[PDB]
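What follows is each chain in one-letter form.
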Amino acid sequence: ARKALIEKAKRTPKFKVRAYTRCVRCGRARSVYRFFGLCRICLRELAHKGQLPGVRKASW
Amino acid sequence: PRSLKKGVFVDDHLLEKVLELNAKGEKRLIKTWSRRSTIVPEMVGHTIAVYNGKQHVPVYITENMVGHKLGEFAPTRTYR
Amino acid sequence: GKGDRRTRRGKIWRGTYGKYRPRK
Amino acid sequence: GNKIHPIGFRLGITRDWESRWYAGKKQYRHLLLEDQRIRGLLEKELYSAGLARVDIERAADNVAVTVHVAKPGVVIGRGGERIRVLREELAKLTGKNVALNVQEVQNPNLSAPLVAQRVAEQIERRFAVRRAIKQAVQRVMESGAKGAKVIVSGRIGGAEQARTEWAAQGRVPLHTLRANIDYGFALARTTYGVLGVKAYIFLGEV
Amino acid sequence: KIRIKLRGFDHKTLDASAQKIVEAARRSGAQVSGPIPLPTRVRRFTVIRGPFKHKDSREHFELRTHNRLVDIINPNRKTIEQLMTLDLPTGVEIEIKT
RNA sequence: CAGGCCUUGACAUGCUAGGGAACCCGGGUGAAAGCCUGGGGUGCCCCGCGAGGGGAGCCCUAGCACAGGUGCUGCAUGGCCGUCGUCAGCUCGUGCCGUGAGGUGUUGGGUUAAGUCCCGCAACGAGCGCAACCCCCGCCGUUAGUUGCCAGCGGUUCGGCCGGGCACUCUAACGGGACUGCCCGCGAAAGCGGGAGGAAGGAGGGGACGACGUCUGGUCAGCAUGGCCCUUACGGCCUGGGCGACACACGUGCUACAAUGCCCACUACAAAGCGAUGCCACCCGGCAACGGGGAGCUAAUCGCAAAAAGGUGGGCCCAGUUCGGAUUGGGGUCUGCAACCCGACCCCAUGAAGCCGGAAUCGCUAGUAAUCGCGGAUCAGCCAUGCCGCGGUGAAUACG
Ligand SMILES: [K+]
Ligand SMILES: [K+]
Ligand SMILES: [K+]
Ligand SMILES: [K+]
Ligand SMILES: [K+]
Ligand SMILES: [Mg+2]
Ligand SMILES: [Mg+2]
Ligand SMILES: [Mg+2]
Ligand SMILES: [Mg+2]
Ligand SMILES: [Mg+2]
Ligand SMILES: [Mg+2]
Ligand SMILES: [Mg+2]
Ligand SMILES: [Mg+2]
Ligand SMILES: [Mg+2]
Ligand SMILES: [Mg+2]
Ligand SMILES: [Mg+2]
Ligand SMILES: [Mg+2]
Ligand SMILES: [Mg+2]
Ligand SMILES: [Mg+2]
Ligand SMILES: [Mg+2]
Ligand SMILES: [Mg+2]
Ligand SMILES: [Mg+2]
Ligand SMILES: [Mg+2]
Ligand SMILES: [Mg+2]
Ligand SMILES: [Mg+2]
Ligand SMILES: [Mg+2]
Ligand SMILES: [Mg+2]
Ligand SMILES: [Mg+2]
Ligand SMILES: [Mg+2]
Ligand SMILES: [Mg+2]
Ligand SMILES: [Mg+2]
Ligand SMILES: [Mg+2]
Ligand SMILES: [Mg+2]
Ligand SMILES: [Mg+2]
Ligand SMILES: [Mg+2]
Ligand SMILES: [Mg+2]
Ligand SMILES: [Mg+2]
Ligand SMILES: [Mg+2]
Ligand SMILES: [Mg+2]
Ligand SMILES: [Mg+2]
Ligand SMILES: [Mg+2]
Ligand SMILES: [Mg+2]
Ligand SMILES: [Mg+2]
Ligand SMILES: [Mg+2]
Ligand SMILES: [Mg+2]
Ligand SMILES: [Mg+2]
Ligand SMILES: [Mg+2]
Ligand SMILES: [Mg+2]
Ligand SMILES: [Mg+2]
Ligand SMILES: [Mg+2]
Ligand SMILES: [Mg+2]
Ligand SMILES: [Zn+2]
């Protein structure tokens, strides 16, 4: 996550298509779950801390 | 088997440029960074330098070249 | 087979609809 | 490369979420971001009070924010002006205009995060790591605590080669679901690098 | 004929806070047809364990939305007394229609 | 990577300093970024009749302390992951033996999936592991009827459609149930063999869960971080190209080479999931992609939706074919500022290699392999034949 690239958030991307999501926490580009706004790593870390309500370990 | 749609696309950078030439004449060349632009009849007879990513290539345009994009005449890769 | 664009199974596999696989 | 986080392992039974609220799919990510900003501002402020945990609850435009601290006297301030300024920062960050509470932690040595923070501090002060660990485990064990474990990571003593020092006693059954093991983690930023500190405390079973 | 939809991440909280509504509406109101379970909406997230490669790790998580019914017959004005606001539950969300 | 630009900067905190300061709308040039230029507007705090002076934020120029780096080092590191390995192990306390490293325990006999249990023993216990407590699937019950049903009767546009009812199915919370408990035989015991009853036995089936440690294993490119290095560029913005190059070599897969098959028509049975700048019933146009119109749905109540293999009927008649759909020509639809490089989808034409694959080599022991479809995450669109899930049909073999 390069700091200049956090220019990602833009009210004026100049095009809707140039708009891409990032991780709100670590700034990761790839693997960003839309539901949590996080990336997958952060997702697992916070899920493990219990800071994501309702999120539990799944087994079946 | 290509397609675009109705309302054919041409970048308006050179669109006004070429007819600006046509108004008063032919002149010489052009320099265009837009290879995504379709070729239209008013361009015929002119010469357009197209960016291949490195340099500008002097593409001369003829009657049978209409409808293709400029970039098709400016190959980006160097092979053998 | 499943690779023929012009067949029912071709559509089903490719997941699309068309002349050879109507929507009724 | 093994050993899943014990809290995350136990979240269903003998552990509960730090943030408990419901939200929709168009809501969740936002409220989560908010909670994160809250914890992030709180932890970089209230550290000197030794916060072992931050709970967050919501219903509508209202947030619990129950802060668990070893020394509430720090978060209160003089006559309660500190908590005022903190609620001010809270309302300035999130416009929700919500409440705040302070729960004292009895025996801070029975809560893992604080123990880890302790050992971490000692390491940052250039203590003897091995003895810091053994001591900490001892202090944890001497008060309740059917089991305890403390783990320090590499570059112990500023050494060129990373090492891992152990020091655990009692019972720490990580594989038992009903264990109820508090876990905590603290860094140490030193001149030569970073040290990880893990703390396991096992109290009671069923 | 008052429609209620209770949604939450904790089956304990929902199930317990429903019977509060039911018991409050029993004394002041009709037979109270009572909670009908409704299906759960389970959302899964599968994520690689490691930060780098190791595609075979995984360990997915689930986030599940439980539901409840209520739906009290005879919307007595006497019922909304014990009803309206008295509640324990936090992470429960309530929907109401006519 | 090529080219056009920017530097107290795209982001944080602070200092000196001239001047203007909040801010709004234009013009030139340009591929855009940028550079340049012009015009509206002078609220606050104090002093003064006024002119006006000084002043805080904020914004622009110049300088300073700094930002920034996906630049190097994973043998300087944290965290997290892979791995031997879900393997049956690794240790400690006290005692005892040995000058000592160490040993004993943990060896032995029986048993187990198991350092699992039993018996014995200079050992007696204990911890991390095993097992168990957690989840799903199996049978039953209680609680509940916007899902279900001529179970039951009345009505029926005969569709659970209307009345009506929680009996059944289902839904989702709690609970029961299985413990070698009972019988025979063997055994010192733990247990082994068999039988009964039972939905299920000897760990009922599947998950989660992976010890002390090993590989100076992987990752400073997710994040964090020590050290080193660049700071008119190793930072920063944009247009275009590249990550998609092709004489070749390998890995993982897809579709096949057909008759236990391919095609067309009609007809039947599922689970798990997703859905508001969303799923899109139904009507019209279009051969179709799709377009126009438009109902319902905050969704057990509407939609995606068709499940496919299967069944019935018909065609093909062993041929590179009605097998197989690569390649290529042409005409279109949609997303998107934009499909040349380099999207997917539809229609017409084209109709390649391929006749079951050398040496070698892979998976799987039961609802498994094989086979058939269905959904989801990311995402405007999509190169998904990938991944992660769901159900349908459903084998062979294990002497050792
Ligand atoms: K033995
Ligand atoms: K089991
Ligand atoms: K290493
Ligand atoms: K074969
Ligand atoms: K087949
Ligand atoms: Mg960085
Ligand atoms: Mg995108
Ligand atoms: Mg993204
Ligand atoms: Mg058109
Ligand atoms: Mg064919
Ligand atoms: Mg030391
Ligand atoms: Mg594994
Ligand atoms: Mg620096
Ligand atoms: Mg390493
Ligand atoms: Mg490492
Ligand atoms: Mg390497
Ligand atoms: Mg190495
Ligand atoms: Mg095992
Ligand atoms: Mg395994
Ligand atoms: Mg000893
Ligand atoms: Mg000797
Ligand atoms: Mg001696
Ligand atoms: Mg010993
Ligand atoms: Mg030994
Ligand atoms: Mg021995
Ligand atoms: Mg044992
Ligand atoms: Mg044994
Ligand atoms: Mg013994
Ligand atoms: Mg039942
Ligand atoms: Mg309903
Ligand atoms: Mg119902
Ligand atoms: Mg009943
Ligand atoms: Mg276990
Ligand atoms: Mg690539
Ligand atoms: Mg070559
Ligand atoms: Mg050559
Ligand atoms: Mg290779
Ligand atoms: Mg329908
Ligand atoms: Mg039609
Ligand atoms: Mg219904
Ligand atoms: Mg037939
Ligand atoms: Mg036939
Ligand atoms: Mg043919
Ligand atoms: Mg041939
Ligand atoms: Mg043949
Ligand atoms: Mg050969
Ligand atoms: Mg062979
Ligand atoms: Mg096996
Ligand atoms: Mg998609
Ligand atoms: Mg392609
Ligand atoms: Mg698919
Ligand atoms: Zn992240």
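Regarding how it was determined, this PDB entry cites X-ray crystallography in its header, along with a resolution of 3.345 Å.

(A) Structural context of the packing of aromatic side chains. Inspection of the entire model under this criterion finds 11 aromatic pairs over all chains. Ring centres 5.9 Å apart and planes at 70° place the aromatic pair A:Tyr33 and E:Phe45 in the edge-to-face group. Within this pair, whereas A:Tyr33 is found in the segment before α1 (40–49), its partner E:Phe45 is found in strand β2 (residues 41–45), the two belonging to separate chains. Look at E:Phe45 and you get buried, because its relative accessible area is 5%. Aromatic pair D:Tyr28 and E:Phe9: ring centres 6.2 Å apart, planes at 50°, arrangement tilted. Taken together, the residues span two chains, with D:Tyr28 in helix α2 (residues 28–43) and E:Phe9 in the loop between β1 (3–8) and α1 (11–27). The class of D:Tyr28 is buried, set by a relative accessible area of 0%. Taken together, the aromatic side chains of A:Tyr33, A:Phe35, A:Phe36, D:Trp21, D:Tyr22, D:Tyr28, E:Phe9 and E:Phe45 make up a single cluster linked through ring pairs. Over the aromatic face of D:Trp21 sits the side chain of D:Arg58, whose NZ or CZ is 5.7 Å from the ring centroid.

(B) Spatial organisation of empty space enclosed by the protein. By volume, the largest cavity amounts to about 80 Å³. Lining the largest cavity, in full, are D:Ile38, D:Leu41, D:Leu42, D:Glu45, D:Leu86, D:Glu89, D:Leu90, D:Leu93 and D:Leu100. Residue assignment for the lining of the largest cavity shows that the elements contributing at least two residues are α2 and α4 (81–93) of chain D. Counting residues per element, the lining of the largest cavity draws most heavily on α4(D), at four residues. When its residues are assigned to classes, the lining of the largest cavity shows seven nonpolar, no polar and two charged. Approximately 50 Å³ is the volume attributed to the second largest cavity. Lining the second largest cavity are B:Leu14, B:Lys17, B:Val18, B:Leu21, B:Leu29, B:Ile30, B:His46, B:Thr47 and B:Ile48. Contributing elements (two or more residues each) for the lining of the second largest cavity: α1 (12–24) and β2 (47–51) of chain B. The dominant element in the lining of the second largest cavity, judged by the number of residues it contributes, is α1(B), at four residues.

Rules and cut-offs
- Residues numbered from 1 in each chain as written, not as in the entry; some residues may be left out.
- Chains lettered and ligands numbered in written order.
- Part of a larger assembly, values for the part shown.
- Heavy atoms only, no water.
- Residues with missing side-chain atoms left out of burial classes, pairs and counts.
- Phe/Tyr/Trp six-rings, centres within 6.5 Å; stacked < 30°, edge-to-face > 60°.
- Helix = DSSP H or I, 4+ residues; strand = E, 2+ residues; numbered from the N terminus.
- Buried < 20%, exposed > 50% of the residue type's maximum accessible area, 1.4 Å probe, protein only.
- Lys NZ or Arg CZ within 6 Å of the ring centre and 35° of its normal.
- 1 Å grid on protein atoms, 1.4 Å probe; cavity = no way out; pocket = protein on both sides within 12 Å on 5 of 7 lines; lining within 4 Å.
- Points joined across faces, edges and corners; volume = space filled by probe spheres on them.
- Nonpolar A, V, L, I, M, F, W, Y, C, P; charged D, E, K, R; others polar.

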